[PDB]
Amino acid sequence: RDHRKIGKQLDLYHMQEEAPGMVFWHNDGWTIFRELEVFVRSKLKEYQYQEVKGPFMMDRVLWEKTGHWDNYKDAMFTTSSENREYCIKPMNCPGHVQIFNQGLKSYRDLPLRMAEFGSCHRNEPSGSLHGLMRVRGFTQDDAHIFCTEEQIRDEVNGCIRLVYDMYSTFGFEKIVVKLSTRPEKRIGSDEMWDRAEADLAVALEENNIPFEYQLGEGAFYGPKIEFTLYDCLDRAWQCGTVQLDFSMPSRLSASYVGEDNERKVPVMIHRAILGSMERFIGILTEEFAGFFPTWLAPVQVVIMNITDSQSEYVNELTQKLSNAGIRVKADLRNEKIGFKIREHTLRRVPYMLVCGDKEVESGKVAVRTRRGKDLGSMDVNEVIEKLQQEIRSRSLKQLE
């Protein structure tokens, strides 16, 4: 149950000294990452998020306007070009504000949800690096919501429901929620902080989430909600974050025309559900010990023949399953059938399809799961539709 060992065994990823804390995604690992992209994207459509893409580096002058340069300059990678300093972005927030600043915005346009699979880079200490979970380069399921003060409580409601929607997909039901209150050094009045913390507190009340305060741990520009999930080994993982911000939109001159025809600064909500997806894949690898759900598996079906008298029956069925959008491979090697099954059981392939002349004539397939249960011979069309339903529903459990 160590993702670094399982990652090398299943040929998912590797890392090396020439790029500390940066991931070489192999084909199978990149398949798992891309499937997470689709799953998150399906949520963005349902929750009505835009998806954007910001550049990897911006002028250091811009990063000074945000106030983050004075705080986290050592964690930033800096480069030079024609006597100008550029910073590789460790966050997507200033970039999203820049998209927001293009073209006059009105209250008609709010709330405006803006998501990005933004690649961020942080100059993390090398001694702290560990596998997929403490890295220098990571992709964040990041989003930013621009809205009015009145729309804060409803927008946070969507973020809260989004958090439990996505976690329950992976089987994470034990979630601990903490709210961070105002720190010693902060901006804004006490009154503004009172309603900001109330909006987070109320939004958790309307969802029946019991939570717990983390006193003084909030950022200097707003309180936040942090979600912590517990794996099958009862290890806490802090993944979700909903962060209010009353500083950055004003620092970057973001504005909209309100109902009263006066110019107003919008409120920014920073939200991430999975946090670092490279880290999240590490959690999934150890939570499932490599036995990924069928929708996440790099190879979903392997079809084998007993002899060569079925090699192109396998070939036709491999094509037939491929046209169904199933990641399927064929194993026509001159090896014992037991040797082939142990080969792909070791690789954690969800389903093994075995074809003898018993099933070739009847147009059926013997089906075996990686766990070992033999489901007998069933119609190919019935097998394909069952496989589709499992993949489309992202079912945690296989057949029976």
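Numbers for residues come from their place in the sequence shown, where the first is 1.
In this entry, the higher average B-factor at the C-alpha atoms falls on 191-199, of the pair 191-199 and 237-245. For the pair 114-122 and 255-263, the record assigns the higher mean C-alpha temperature factor to 255-263. If you compare the C-alpha temperature factors of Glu316, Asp109, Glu226, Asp142 in the entry, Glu316 comes out highest. Per the PDB record, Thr369 has a higher Cα B-factor than any other of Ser42, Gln50, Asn27, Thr369.
Ranked by C-alpha B-factor against the other modelled residues of its chain, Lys5 falls in the highest third. The entry lists a Cα temperature factor for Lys89 that places it in the middle third of the chain's modelled residues. The PDB entry assigns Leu353 a C-alpha temperature factor belonging to the highest third of its chain's modelled residues. Annotation for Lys73: C-alpha temperature factor in the highest third relative to the rest of the modelled chain, per the entry. For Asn207, the recorded CA B-factor ranks within the highest third of the chain. Only modelled residues enter the ranking.
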